[PDB]
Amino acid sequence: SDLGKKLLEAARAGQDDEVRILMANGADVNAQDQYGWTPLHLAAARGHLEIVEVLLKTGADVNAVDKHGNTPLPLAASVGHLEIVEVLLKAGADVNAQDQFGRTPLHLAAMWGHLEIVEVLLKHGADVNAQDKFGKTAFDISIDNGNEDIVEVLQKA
């Protein structure tokens, strides 16, 4: 897809008006790059909220997975894009999706020290006892990385 390649670039570059015009002209909303990223993956990772919104409104797959088991929600949760996390959850993102290392969105919010995202994920049913492939919970990872605000909210949850 040429428009699909254009849409992935526009989503990468954060050009909302360009994404809207490509979607109006029939661009494949679920186009993939070589790593299995969709425009929604790119917008979630690079913090393009209005593009996430437009893509979801034009039929983007909120639970699309790349070639290493990543959905868009854990990418937004990792970087700390709280608004994107909430929009993805409201569109039906799997709150306890696990990547190839068994990390959930809660693991990655705890890893990179995003307190308000951890709190939002808990409200949406994030699993505090979920273990990754190293046997670790979000709580264990929050200790390992010194994210003290998160240690206090996850302690004996």
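Note that residue numbering follows the sequence shown and begins at 1.
Segment of higher mean CA temperature factor, 134 to 142 or 19 to 27: The stretch with the larger mean CA B-factor is 19 to 27.
Using the B-factors in the PDB entry, rank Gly59's C-alpha atom against the chain and give the third, lowest, middle or highest. According to the entry, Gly59 has a C-alpha B-factor in the chain's highest third.
Would you please rank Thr38 by its C-alpha temperature factor against the other modelled residues of its chain and give the third it falls in: lowest, middle or highest? It belongs to the lowest third of the chain when residues are ordered by C-alpha B-factor.
Could you say whether, by C-alpha temperature factor, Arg46 belongs to the lowest, middle or highest third of its chain? Its C-alpha B-factor, which the entry lists for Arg46, ranks in the middle third among residues of this chain.
Among modelled residues of the same chain, the CA temperature factor third for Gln100: Within its chain, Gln100 is a highest-third residue by C-alpha B-factor, going by the deposited values.
Lowest, middle or highest third: where is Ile150 by C-alpha B factor in its chain? CA B-factor rank for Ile150: lowest third.
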